[PDB]
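Enquirer: Encoded as structure tokens, here's the structure I'll be asking about.
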Amino acid sequence: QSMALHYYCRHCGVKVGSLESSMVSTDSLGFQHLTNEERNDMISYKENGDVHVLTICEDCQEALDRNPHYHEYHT
Ligand SMILES: [Zn+2]
């Protein structure tokens with residue numbers, strides 16, 4: 001199944017790596033004994049990857065490419 005790092009966007013807070021998590025249970029960490037999804041990750045090695053990366057989404061990339069560093073701070 002299509003699995004990798006969990007992508008959460010820098011600044012705009014969009015989930016860039018979580019859409020098909022409904023059937024692709026690789027997004028949820030097997031904490032203890034929650035759902036069947038957690039039961040699957042309950043293996044002695046996080047199958048979900050243990051990866052929470054903050055990256056640029058399409059939107060922010062365009063904030064990037066269309067605006068120099070996506071505007072300035074204040075001055
Ligand atoms: Zn973004």
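Residues are referred to by chain and number: the chain letter is A, B, ... according to the order shown in the structure tokens, the number counts from 1 in that chain, and ligands are numbered separately from 1 in the order shown.
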Hey, what does DSSP flag as helix (DSSP H, G or I) within chain A? Can you give it to me as a PyMOL selection string?
Expert: chain A and resi 36-41+58-66
Enquirer: Residues contacting ligand 1 - anything with an atom at most 6 Å away, using only C-alpha atoms and all ligand atoms - can you give me those as a PDB file with N, CA, C and O atoms, in the first residue's frame?
Expert:
ATOM      1  N   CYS A   9       1.939  20.185   6.729  1.00  0.00           N
ATOM      2  CA  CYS A   9       2.535  21.341   6.095  1.00  0.00           C
ATOM      3  C   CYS A   9       2.998  22.387   7.078  1.00  0.00           C
ATOM      4  O   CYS A   9       2.369  22.641   8.107  1.00  0.00           O
ATOM      5  N   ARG A  10       4.110  22.996   6.712  1.00  0.00           N
ATOM      6  CA  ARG A  10       4.647  24.131   7.415  1.00  0.00           C
ATOM      7  C   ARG A  10       3.725  25.335   7.242  1.00  0.00           C
ATOM      8  O   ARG A  10       3.413  25.741   6.120  1.00  0.00           O
ATOM      9  N   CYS A  12       0.639  26.340   7.148  1.00  0.00           N
ATOM     10  CA  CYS A  12      -0.772  26.345   6.787  1.00  0.00           C
ATOM     11  C   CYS A  12      -1.499  25.147   7.407  1.00  0.00           C
ATOM     12  O   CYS A  12      -2.731  25.091   7.437  1.00  0.00           O
ATOM     13  N   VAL A  14      -1.759  21.944   6.586  1.00  0.00           N
ATOM     14  CA  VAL A  14      -2.450  20.969   5.763  1.00  0.00           C
ATOM     15  C   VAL A  14      -1.742  19.626   5.801  1.00  0.00           C
ATOM     16  O   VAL A  14      -0.515  19.554   5.857  1.00  0.00           O
ATOM     17  N   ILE A  56       6.375  21.545   2.605  1.00  0.00           N
ATOM     18  CA  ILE A  56       5.637  22.527   1.831  1.00  0.00           C
ATOM     19  C   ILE A  56       4.575  21.850   0.965  1.00  0.00           C
ATOM     20  O   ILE A  56       4.874  20.929   0.197  1.00  0.00           O
ATOM     21  N   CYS A  57       3.332  22.294   1.110  1.00  0.00           N
ATOM     22  CA  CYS A  57       2.245  21.799   0.278  1.00  0.00           C
ATOM     23  C   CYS A  57       2.229  22.528  -1.058  1.00  0.00           C
ATOM     24  O   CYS A  57       2.993  23.478  -1.258  1.00  0.00           O
ATOM     25  N   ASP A  59      -0.004  24.529  -2.153  1.00  0.00           N
ATOM     26  CA  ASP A  59      -0.405  25.899  -1.842  1.00  0.00           C
ATOM     27  C   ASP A  59       0.778  26.756  -1.399  1.00  0.00           C
ATOM     28  O   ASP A  59       0.982  27.853  -1.918  1.00  0.00           O
ATOM     29  N   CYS A  60       1.571  26.258  -0.458  1.00  0.00           N
ATOM     30  CA  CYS A  60       2.670  27.051   0.076  1.00  0.00           C
ATOM     31  C   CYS A  60       3.811  27.158  -0.934  1.00  0.00           C
ATOM     32  O   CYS A  60       4.464  28.183  -1.007  1.00  0.00           O
TER      33      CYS A  60
END
Enquirer: As a list in words, please: the residues near residue 39 of chain A (cut-off 10 Å, only C-alpha atoms, same-chain neighbours under 5 positions excluded).
Expert: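 Once the nearby chain positions are removed, what remains is residues 29, 30, 31, 32, 33 and 34 of chain A.
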Enquirer: Write the residues of the preceding selection, restricted to N, CA and C atoms, as an mmCIF file, in the first residue's frame.
Expert:
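And here's part_38.cif as it stands now:
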data_model
loop_
_atom_site.group_PDB
_atom_site.id
_atom_site.type_symbol
_atom_site.label_atom_id
_atom_site.label_comp_id
_atom_site.auth_asym_id
_atom_site.auth_seq_id
_atom_site.Cartn_x
_atom_site.Cartn_y
_atom_site.Cartn_z
ATOM 1 N N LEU A 29 -0.387 5.576 14.832
ATOM 2 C CA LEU A 29 0.550 4.814 15.621
ATOM 3 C C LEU A 29 -0.193 3.849 16.540
ATOM 4 N N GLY A 30 0.320 2.631 16.643
ATOM 5 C CA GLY A 30 -0.269 1.641 17.519
ATOM 6 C C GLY A 30 0.032 1.931 18.972
ATOM 7 N N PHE A 31 -0.698 2.888 19.529
ATOM 8 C CA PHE A 31 -0.517 3.316 20.911
ATOM 9 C C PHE A 31 -0.551 2.135 21.875
ATOM 10 N N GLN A 32 -1.728 1.555 22.038
ATOM 11 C CA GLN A 32 -1.906 0.412 22.912
ATOM 12 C C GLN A 32 -2.878 -0.571 22.298
ATOM 13 N N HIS A 33 -4.142 -0.329 22.553
ATOM 14 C CA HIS A 33 -5.203 -1.206 22.085
ATOM 15 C C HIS A 33 -6.442 -0.391 21.726
ATOM 16 N N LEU A 34 -6.319 0.449 20.703
ATOM 17 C CA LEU A 34 -7.418 1.317 20.288
ATOM 18 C C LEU A 34 -8.284 0.633 19.233
#
Enquirer: In Å to one decimal, how far is atom CA of residue 6 of chain A from atom CA of residue 70 of chain A?
Expert: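 Atom CA of residue 6 of chain A lies at a distance of 23.8 Å from atom CA of residue 70 of chain A.
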Enquirer: Just want the 12 Å neighbourhood of residue 18 of chain A, counted on only C-alpha atoms, with same-chain residues fewer than 2 positions away dropped. Output as a list in words.
Expert: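 Close residues of residue 18 of chain A: residues 2, 3, 4, 5, 6, 7, 8, 9, 14, 15, 16, 20, 21, 22, 23, 24, 25, 26, 27, 28, 48 and 52 of chain A.
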Enquirer: Selected residues, N, CA, C and O atoms, written as a tab-separated table (two decimals), in the first residue's frame, please.
Expert:
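Contents of part_5.tsv, as written:
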chain	number	residue	atom	x	y	z
A	2	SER	N	0.32	2.34	-0.50
A	2	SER	CA	1.05	3.60	-0.58
A	2	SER	C	1.28	4.18	0.82
A	2	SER	O	0.37	4.73	1.43
A	3	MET	N	2.50	4.04	1.31
A	3	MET	CA	2.85	4.50	2.65
A	3	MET	C	4.22	5.17	2.64
A	3	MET	O	5.08	4.84	1.81
A	4	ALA	N	4.42	6.10	3.57
A	4	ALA	CA	5.65	6.86	3.67
A	4	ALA	C	5.62	7.70	4.94
A	4	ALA	O	4.95	7.35	5.91
A	5	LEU	N	6.34	8.82	4.91
A	5	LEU	CA	6.35	9.76	6.02
A	5	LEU	C	4.99	10.41	6.15
A	5	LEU	O	4.26	10.52	5.16
A	6	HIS	N	4.65	10.86	7.34
A	6	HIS	CA	3.42	11.59	7.50
A	6	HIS	C	3.72	13.04	7.25
A	6	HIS	O	4.53	13.65	7.95
A	7	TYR	N	3.05	13.60	6.27
A	7	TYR	CA	3.35	14.95	5.82
A	7	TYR	C	2.35	15.94	6.38
A	7	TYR	O	1.15	15.84	6.11
A	8	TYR	N	2.84	16.88	7.16
A	8	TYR	CA	2.02	17.96	7.66
A	8	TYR	C	2.69	19.27	7.31
A	8	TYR	O	3.89	19.44	7.54
A	9	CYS	N	1.94	20.19	6.73
A	9	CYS	CA	2.53	21.34	6.09
A	9	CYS	C	3.00	22.39	7.08
A	9	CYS	O	2.37	22.64	8.11
A	14	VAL	N	-1.76	21.94	6.59
A	14	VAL	CA	-2.45	20.97	5.76
A	14	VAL	C	-1.74	19.63	5.80
A	14	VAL	O	-0.52	19.55	5.86
A	15	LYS	N	-2.53	18.57	5.78
A	15	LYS	CA	-2.00	17.22	5.77
A	15	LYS	C	-1.66	16.80	4.35
A	15	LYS	O	-2.52	16.36	3.60
A	16	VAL	N	-0.39	16.93	3.99
A	16	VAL	CA	0.05	16.66	2.63
A	16	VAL	C	0.24	15.16	2.40
A	16	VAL	O	0.30	14.70	1.26
A	20	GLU	N	-5.68	8.69	1.84
A	20	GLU	CA	-6.19	7.34	1.69
A	20	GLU	C	-5.98	6.54	2.97
A	20	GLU	O	-5.96	5.31	2.96
A	21	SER	N	-5.86	7.25	4.08
A	21	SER	CA	-5.63	6.64	5.39
A	21	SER	C	-6.83	5.80	5.83
A	21	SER	O	-6.74	4.98	6.74
A	22	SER	N	-7.96	6.01	5.16
A	22	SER	CA	-9.18	5.29	5.46
A	22	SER	C	-8.98	3.78	5.31
A	22	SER	O	-9.47	3.00	6.13
A	23	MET	N	-8.25	3.38	4.28
A	23	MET	CA	-8.00	1.97	4.04
A	23	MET	C	-6.52	1.67	4.19
A	23	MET	O	-6.12	0.54	4.47
A	24	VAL	N	-5.71	2.70	4.01
A	24	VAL	CA	-4.28	2.59	4.20
A	24	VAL	C	-3.92	3.01	5.62
A	24	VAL	O	-3.51	4.15	5.87
A	25	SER	N	-4.12	2.10	6.56
A	25	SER	CA	-3.84	2.36	7.97
A	25	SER	C	-2.34	2.34	8.23
A	25	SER	O	-1.79	1.35	8.72
A	26	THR	N	-1.70	3.43	7.89
A	26	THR	CA	-0.28	3.61	8.14
A	26	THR	C	-0.04	4.98	8.77
A	26	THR	O	1.09	5.39	9.00
A	27	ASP	N	-1.13	5.67	9.07
A	27	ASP	CA	-1.06	7.04	9.54
A	27	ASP	C	-1.13	7.07	11.06
A	27	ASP	O	-0.66	8.01	11.69
A	28	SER	N	-1.71	6.04	11.63
A	28	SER	CA	-1.96	6.00	13.05
A	28	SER	C	-0.96	5.08	13.75
A	28	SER	O	-0.70	3.97	13.30
A	48	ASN	N	4.01	2.40	10.88
A	48	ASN	CA	3.62	3.74	10.45
A	48	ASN	C	4.85	4.59	10.14
A	48	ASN	O	4.74	5.65	9.51
A	52	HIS	N	6.86	12.26	11.36
A	52	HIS	CA	6.00	13.43	11.35
A	52	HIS	C	6.81	14.61	10.81
A	52	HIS	O	7.48	15.31	11.56
Enquirer: Can you check which residues of chain A DSSP gives as strand (DSSP E) on the backbone and send them as a list in words?
Expert: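 So the strand (DSSP E) residues in chain A would be residues 6, 7, 8, 9, 52, 53, 54 and 55 of chain A.
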Enquirer: Take the residues from that selection and write them out as a PDB file, in the first residue's frame, keeping N, CA and C atoms.
Expert:
ATOM      1  N   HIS A   6       4.651  10.856   7.337  1.00  0.00           N
ATOM      2  CA  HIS A   6       3.417  11.586   7.502  1.00  0.00           C
ATOM      3  C   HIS A   6       3.715  13.044   7.251  1.00  0.00           C
ATOM      4  N   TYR A   7       3.050  13.601   6.266  1.00  0.00           N
ATOM      5  CA  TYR A   7       3.347  14.946   5.815  1.00  0.00           C
ATOM      6  C   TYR A   7       2.345  15.937   6.382  1.00  0.00           C
ATOM      7  N   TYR A   8       2.839  16.876   7.164  1.00  0.00           N
ATOM      8  CA  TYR A   8       2.021  17.964   7.665  1.00  0.00           C
ATOM      9  C   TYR A   8       2.693  19.274   7.311  1.00  0.00           C
ATOM     10  N   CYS A   9       1.939  20.185   6.729  1.00  0.00           N
ATOM     11  CA  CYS A   9       2.535  21.341   6.095  1.00  0.00           C
ATOM     12  C   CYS A   9       2.998  22.387   7.078  1.00  0.00           C
ATOM     13  N   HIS A  52       6.862  12.263  11.359  1.00  0.00           N
ATOM     14  CA  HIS A  52       6.001  13.433  11.348  1.00  0.00           C
ATOM     15  C   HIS A  52       6.806  14.607  10.806  1.00  0.00           C
ATOM     16  N   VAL A  53       6.741  14.808   9.503  1.00  0.00           N
ATOM     17  CA  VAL A  53       7.569  15.809   8.848  1.00  0.00           C
ATOM     18  C   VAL A  53       6.752  17.023   8.433  1.00  0.00           C
ATOM     19  N   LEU A  54       7.327  18.197   8.629  1.00  0.00           N
ATOM     20  CA  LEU A  54       6.695  19.438   8.219  1.00  0.00           C
ATOM     21  C   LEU A  54       7.294  19.905   6.904  1.00  0.00           C
ATOM     22  N   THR A  55       6.469  19.925   5.875  1.00  0.00           N
ATOM     23  CA  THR A  55       6.935  20.185   4.525  1.00  0.00           C
ATOM     24  C   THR A  55       6.052  21.230   3.848  1.00  0.00           C
TER      25      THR A  55
END
Enquirer: In Å, with one decimal, what is the gap from atom CA of residue 42 of chain A to atom CA of residue 13 of chain A?
Expert: 27.5 Å
Enquirer: Could you tell me how far atom CA of residue 38 of chain A lies from atom CA of residue 50 of chain A, in Å and to one decimal?
Expert: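 Pair atom CA of residue 38 of chain A / atom CA of residue 50 of chain A returns 13.0 Å.
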